[PDB]
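Structure assessment
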Amino acid sequence: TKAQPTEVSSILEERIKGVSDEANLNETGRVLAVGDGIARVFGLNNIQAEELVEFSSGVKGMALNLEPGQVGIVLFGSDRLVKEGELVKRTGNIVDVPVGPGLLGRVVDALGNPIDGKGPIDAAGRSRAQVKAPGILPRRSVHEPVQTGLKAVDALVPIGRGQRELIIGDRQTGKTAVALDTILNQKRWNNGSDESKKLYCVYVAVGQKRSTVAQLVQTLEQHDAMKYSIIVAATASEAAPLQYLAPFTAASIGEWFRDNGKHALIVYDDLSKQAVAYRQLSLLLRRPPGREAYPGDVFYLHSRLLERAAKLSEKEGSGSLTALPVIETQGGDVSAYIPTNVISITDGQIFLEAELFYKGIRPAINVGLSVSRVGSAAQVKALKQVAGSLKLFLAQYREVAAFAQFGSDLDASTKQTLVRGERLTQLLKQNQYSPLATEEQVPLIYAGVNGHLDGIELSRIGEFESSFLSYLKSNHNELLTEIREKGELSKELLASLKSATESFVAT
Amino acid sequence: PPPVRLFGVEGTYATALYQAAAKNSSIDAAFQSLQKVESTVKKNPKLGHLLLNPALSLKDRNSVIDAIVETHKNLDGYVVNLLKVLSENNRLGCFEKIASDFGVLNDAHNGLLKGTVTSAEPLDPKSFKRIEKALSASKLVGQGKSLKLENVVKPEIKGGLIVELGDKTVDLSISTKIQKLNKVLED
Amino acid sequence: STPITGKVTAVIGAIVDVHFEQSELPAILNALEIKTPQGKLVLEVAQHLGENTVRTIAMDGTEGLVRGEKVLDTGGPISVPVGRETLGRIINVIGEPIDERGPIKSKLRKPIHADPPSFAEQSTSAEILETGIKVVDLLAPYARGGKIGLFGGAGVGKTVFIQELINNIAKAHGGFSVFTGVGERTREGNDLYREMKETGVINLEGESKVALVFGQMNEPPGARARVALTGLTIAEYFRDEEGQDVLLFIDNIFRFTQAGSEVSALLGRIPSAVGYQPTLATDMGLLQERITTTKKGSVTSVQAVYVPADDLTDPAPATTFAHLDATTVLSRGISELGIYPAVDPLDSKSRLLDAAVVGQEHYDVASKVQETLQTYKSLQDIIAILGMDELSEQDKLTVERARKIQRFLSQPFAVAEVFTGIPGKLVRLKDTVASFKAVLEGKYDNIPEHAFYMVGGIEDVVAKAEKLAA
Amino acid sequence: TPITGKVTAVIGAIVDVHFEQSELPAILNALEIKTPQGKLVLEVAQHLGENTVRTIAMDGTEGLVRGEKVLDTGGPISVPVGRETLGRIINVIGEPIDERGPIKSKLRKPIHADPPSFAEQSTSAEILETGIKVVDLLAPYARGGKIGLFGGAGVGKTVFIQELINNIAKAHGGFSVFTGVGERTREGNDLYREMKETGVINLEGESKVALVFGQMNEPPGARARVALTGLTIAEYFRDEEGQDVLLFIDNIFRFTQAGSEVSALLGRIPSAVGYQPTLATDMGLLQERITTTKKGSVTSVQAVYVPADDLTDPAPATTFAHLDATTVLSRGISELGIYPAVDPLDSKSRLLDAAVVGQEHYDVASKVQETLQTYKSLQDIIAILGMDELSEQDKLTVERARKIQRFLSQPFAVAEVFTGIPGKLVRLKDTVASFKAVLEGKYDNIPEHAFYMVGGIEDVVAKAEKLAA
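Residues numbered from 1 in each chain as written, not as in the entry; some residues may be left out. Chains lettered and ligands numbered in written order. Part of a larger assembly, values for the part shown. Heavy atoms only, no water. Residues with missing side-chain atoms left out of burial classes, pairs and counts.

Describing the overall build of chain D
Under the convention used in this document: Counting from the N terminus, the helices are DSSP H or I runs at least four residues long and the strands are E runs at least two residues long. As defined in this context, the radius of gyration uses C-alpha atoms, and a globule is described by 2.2 Å times the residue total to the power 0.38. Two residues form a contact once any of their heavy atoms are found within 4.5 Å.
Tallying secondary structure elements over chain D gives 14 helices and 15 strands in all. For a compact globule of 469 residues, the expected C-alpha radius of gyration is about 23 Å, and chain D comes in at 25 Å, within 12% of that figure. Projecting the C-alpha coordinates of chain D onto the three principal axes gives extents of approximately 85 × 50 × 45 Å. Restricting the contact set of chain D to residue pairs at least 6 apart, pairs at least 24 apart contribute 67%.

Let's talk about the overall build of chain C
Across its full length, chain C carries 12 helices and 18 strands. Computed over its C-alpha atoms, the radius of gyration of chain C comes to 25 Å, within 12% of the 23 Å expected for a compact globule of 470 residues. For chain C, contacts bridging at least 24 residues in sequence account for 68% of all contacts bridging at least 6.

Here's the deal with the domain arrangement of chain C
Threshold: Each domain's extent is set by a domain assignment, obtained either automatically or from a database.
We note that the domain assignment places domain 1 (2-77), domain 2 (78-352) and domain 3 (353-470) within chain C. Between the C-alpha centres of domain 1 of chain C and domain 3 of chain C the distance comes to 60 Å.

Things to note about the sheet that holds strand β15 (residues 349-351) of chain A
Residues and elements named next belong to chain A. What counts is decided by this rule: In this description, strands pair whenever DSSP reports at least two bridges between them.
Across the sheet, 7 strands lie side by side as β8-β12-β11-β13-β14-β10-β15; this open sheet has parallel pairing. Looking at strand neighbours, the two that pair on one side only are β8 (107-108) and β15, the edges of this open sheet. In this sheet, β15 lies alongside strand β10 (residues 166-169) in parallel orientation, the contact comprising 3 bridges. Bridging from a neighbouring strand, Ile 168 pairs with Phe 351 of β15.

Remarks on the domain arrangement of chain D
Each assigned domain of chain D is listed here: domain 1 (1-76), domain 2 (77-351) and domain 3 (352-469). Of note, the centres of domain 1 of chain D and domain 3 of chain D, computed from C-alpha atoms alone, are 60 Å apart.

Structural notes on the sheet that holds strand β1 (residues 115-119) of chain B
Residues and elements named next belong to chain B. One open sheet accounts for 4 strands, arranged β2-β1-β3-β4; its pairing is mixed. Edge positions in the open sheet fall to β2 (149-150) and β4 (168-171), since each of these has one partner strand only. By the bridge criterion, 4 bridges tie β1 to strand β3 (residues 161-165) in an arrangement that is antiparallel. Residue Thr 116 lies in a different strand from β3, and its bridge partner there is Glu 164.

What to know about unusual backbone geometry
Look at the link from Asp 269 of chain A to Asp 270 of chain A: it is a cis peptide, with omega at -15 degrees. Of note, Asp 270 of chain A is situated in the loop between β13 (263-268) and α6 (271-283). In the segment running from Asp 250 of chain D into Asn 251 of chain D, the intervening peptide bond is cis, with an omega of 20 degrees. Among the structural elements, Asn 251 of chain D can be located in the loop between β12 (245-250) and α6 (253-266). Phi is positive for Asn 90 of chain B, which is not a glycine, with a value near 75 degrees. Summarising the element assignment, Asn 90 of chain B is placed in the loop between α4 (78-89) and α5 (96-110). Non-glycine residue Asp 167 of chain B carries a positive phi angle of around 75 degrees. Looking at the secondary structure, you find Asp 167 of chain B in the loop between β3 and β4.

A few points about the arrangement of the chains
The highest contact count of any of the 2 pairs of chains in contact belongs to chains A and C. At the C-alpha level, the nearest point of chain A lies 5 Å from chain B, with no contact between them. In this view chain B stays clear of chain C, with the nearest C-alpha atoms of the two still 6 Å from each other.

With respect to the UniProt feature "binding site: ATP" in chain D
Residues and elements named next belong to chain D. The condition is simple: UniProt positions are given in the numbering used here, feature names are shortened, and annotations may be inferred rather than shown by experiment.
When the UniProt feature table is mapped onto this chain numbering, "binding site: ATP" sits at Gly 151, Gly 152, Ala 153, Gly 154, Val 155, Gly 156, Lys 157 and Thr 158. Along the chain, the position of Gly 151 falls in the loop between β9 (146-149) and α2 (157-167). Every residue in contact with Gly 151, bar those within four places of it in the chain, is listed here: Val 304, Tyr 305, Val 306, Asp 309 and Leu 329. Relative to the helices and strands, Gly 156 resides in the loop between β9 and α2.

Notes on the interface of chain A and chain C
Threshold: We call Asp, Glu, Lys and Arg charged. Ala, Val, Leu, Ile, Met, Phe, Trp, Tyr, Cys and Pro are nonpolar, and the rest, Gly among them, are polar.
Contact with chain A, which involves 20 residues of that partner, is made by 17 residues of chain C. Taken together, the residues of the side of chain A that touches chain C sort by class into 8 nonpolar, 10 polar and 2 charged.

A word on the interface of chain A and chain D
Between chain A and chain D, the contact holds 17 residues from the first and 21 residues from the second. When residues of the side of chain A that touches chain D are traced back to their parent elements, those giving at least two are β1 (28-34), α4 (210-222) and α9 (355-359) of chain A. Broken down by element, the residue count for the side of chain A that touches chain D peaks at 3 residues, all from β1 of chain A. Residue classes in the side of chain A that touches chain D are distributed as 6 nonpolar, 7 polar and 4 charged.

What about the UniProt feature "binding site: ATP" in chain C?
Residues and elements named next belong to chain C. Per the UniProt annotation, the sites labelled "binding site: ATP" are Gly 152, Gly 153, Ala 154, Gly 155, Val 156, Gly 157, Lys 158 and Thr 159. Tracing the backbone shows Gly 155 in the loop between β11 (147-152) and α2 (158-172). Inspection of the secondary structure assignment puts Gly 157 in the loop between β11 and α2.

And the structure:
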């Protein structure tokens, strides 16, 4: 009967009569197969696990599956220079990245080498590609705000530091846009005072071609949101081991700021393509998969990665790496396997709807399918207070608006709710790639909740907004300042806000 | 330099054994000692339930090899390398399968052919030799590789004969012709 | 046992194989110890593949492992610590410190693995239990020595409900509790630890009325399964050899399914019936019997479950539905209404229900409440197109009642002042039964619906009525 | 170096060679099987070991004797490129399918190449005009832009690509490349003639249009590397020379499709429901070799055949990722007699989602989308009950939407038998003005039928006048 290829009768008899174990099948092993940008070599009887084996072709590939038959080595290159009868020499060193404040304003691939000719990475340490999540002892409750250009998302869905919230939806539904609002408001804290309000944002782009990503960074350099951020890339044309390794080596670059007592935020785009890379990787190394052809341990990879963003104790500086996963569902397919796993990990949702994108809410905002499993207190205390009846009007509104479209009538009080729920809906709209500080997100939500958007008609929402911000700029700009710095409203502050709203209650 | 390598799984283990012993000679000696030890093991009743049916461990196999090297003169150490390959692969049951195929390769390199003149009854010694003379004469052997044709009794055939070797067959069996006669006369 | 020499053959994720020598071979469900720079690596033997060659699942991480490294036999399974010195303390899968107060305090140890109590032993009866919440106490059939099941979606406020339950049952309970968190986050670990420092359930000095086993989701999948088993054996010691009451508590048990499904594919099986483990029936069963009320003691589980996409026709959620005695279902919709807990009482089921089972008063009240709310759910579609006005005055009254009852299931809790904001309120088993009866008879069917917003007892509703008046 | 060997196996169309030499060539090299009916040119994809490779076969695979000589020619198959490959048709092997003697060439370049790097590729959008209103409104085309079509083929596909060639590629001063990977040879013959008549091919000499056609009657491996052949030609014009180009493909699904078939044969497990696990990798590499460099800037239009019109299908899904604008086109929309056959509630672009095409333009798309979505969302209540059972407000919006819905109907200039009717064409600026007015109710008061199959605003009025007499 059939036995493994290293036990084959021609290779085995020569070994007995020449060299066999030790420095030829122990530090070395001789390739015997190769195709699909994937090879498998015989030997390597001693080797580290997840170690990097440099083939004598000028290719390096790490090995993740070991077999006493054929050790399955994933090449980071093409196979049109890798051959059968090459020797492979062990690096002896597990896959590692440069970490530094000299990855800033620079594009780098998963091997931490410049891919835009901005030259050398000045690195203050090196760190590890696979690193376990922090424990129970290095952990601190999260209460730190994060500014986003969309007011409803920041207020209801509490966007903290050291927490994972999943932005999910289809392509071209502004998957990209939600994240970019966050980045853009962080120009203001970056410039500004207080070290612990500072994100050195790390952008991860997996399965996105070279052309699309290069346009993007130029965009962030306009808005002065790139000259402190880090861009990690793993383009589609580059090999599947490389697409899989990009999120796990980006992690180390955020993890160093966290360590030093500074803070950062990691966008993991696309977690779905990592999973596609992983599928190719495991099925050409032969691992029986689960449903949909994605392997069994796909979830184990995704859970470990996401848990590299959490908040620490004051020993490690009060630091947090913060994560926002990004998941491209097939069609709003959230019952698919990979979306069900991510979902489990993440204690909030930044749910987007496709129909609403079309309706003119660009970028689309759905806080009725958004959830917050944990308590809310990692946003600006002030924006939460004003936006305190925002939940109740938007959720009551949905029911009366559904009913109204069947031709059954209702009492005047329900139509007061319904009417208000329309005035509010218009408020949300604002074009992609635009900032909106928190300081001017406390007035408008006060104004909406106290029926000051109920003094105007359905299309006079934009004209009211223009005058009110102008009024607050002359008289109550002190009011604006206290809101941002201290974030707490008192009767005095709320009374001034009231004068401001009454003054242009009409138009 | 395989004279005619076999693809089939363990027709390749035969190929491997051949090349190794062919470049260090002593293949006719090896095969001859090998055939003898295989016949004397199988007809010994200890390994007539245990190398006839492999049912021994890994460690218990090596100790079988150690008892085996008393049994014959090894004669070429590449057949001693075969014992190490099979004990490691944890069978001793496809030991004689490699040997049989190795034998064919060995006699083929020397330039000898082994064929069959299957019939349902044996013929005249005259009949056999004429058929041999004809095959060498005919333009299907150059007269470069020597001839053996072996008469056998198969029960399949109902009369007539088929000469077979090398995937050249000359078919004048009646067995098939009778069957077709019935069909066509029950049409 | 004495030293046993094995050599690693393959590192393939977690899956790690060994090549033991003849006549000195381990057996299935052992714990192997490997000297490593990763401490002591433990492998749980899960198969033999033949020829003195095994196939194992890891219990500690597989980073920088070198093939050919010597593999020991403990002689048996991982043995964690069980005691009454395991109260408060935080314990991991291999029974190794994660609360970093030095080694975990033991009197005895037992292996993770054990036998499900036998039928001769069984002394299982169902006796009314309570938590202090109205929807739960009246309209959910919880019983003591039952196996309560908190079915729900993701993020519908699962953590809040669980927080509230430990907060109540444990302080009041004469015994202890044992909390196991299977494949939950490091956010959740500090938060559970934190909430119970504050309520005083955990004291660093004396004993505690709760224990912790925090197993996290970045841990290798084989290890993920036996966080549940680790915690489970402590519950047994409480029941058996101390002869105390304890109330087991687990969080989420879907993570337990998930974890078998992963190590199933790798062991070489196929996870069939929608990408979930085949061996669900026998592993579920092991757990269920093991949690029981015998003549030794009482262990009553409250088990968290996550239903993917609120799909109860996926085979993984559904089998579990039968095995959890006193099911409840939590829905997103009730949370958004500001109704607390997320419980829908028109979805709670126990296998058998009568007037003797739960008692005569209890039955009659709980049936009447459900029909008024069930008639409302039926009429909602009708009313959407035809309108309320095409139905009767009577129909309108069954509707007006169902709403006042509906907001009578709101109750803000003290540990949801970080979630909601509104003060703590609790209602006992006695107070709920007596009061719900009054309402149906029509004594409080004149008090506004929004005066049942955020109330406890009957008393709050009257006080909140005065507040809408003034 | 010539490596003599024998063909051990004809395992389907992915034939395997076993050389009787201890040397081996590198993967992606070429081999010639010495058969008495010509040759087969094949390319190595696996080393399995012991001097037995598996090679993908790009030429017909019947009549292969097992035991037949192979020779190693070394390295990739070489196509013909230059100014003399202009007007020509190329198969997959550098061979013409319209004859006239061979392709005249200077350079023969390997079909397996490296794609230009990140420093050398950035996306653009500089605004071309399409004489087709529906594209301008919903997903305006632009130079550098990456366009994609989806849903079925033979529903109007071909008509639409020709309209694009008609306006933008006859006003393009660079070369233009048509590559149809495994296209249906009838349509091919029709296209060659008409282009040569309308002057954009002339003889074998200089041209503004050059052509490449796959034949789909060839074996799976050949179909896969038609795609590779056509990319080589485009690279040359864009890259070496540095001249501007265009590229049109119908269908690239074919490329992906071929891959799934060969996957099974190579040694891989095919990913579930009949695709390849190397799906992502191949798809990226092909779309990275033609996208906008810095040496040239090439607008590519890609058409994806969808076997169900559903984008949840993974092949269409990873395509949709690598485009900046999309115009998902659907079979249902054709059968409803809407030409252009483009979805209006499924077309989007990343220059129109941020106002980089202008405020007045963005504003004009925004309203149009909201009306049209109201109509579909309240479509059940609309068929089952009428419009006097609905609010007057509601009834007005639905009335406007239907009129907008008809207005998007315009016949192509290239249609005269695909719509019946000789086309009408409008500008980008004209299309914007027209819609703007319409939202303001100026021409909502004259038939819906007046908006159907006509051009500009003026034409609508003019057919309403016809309808009253």
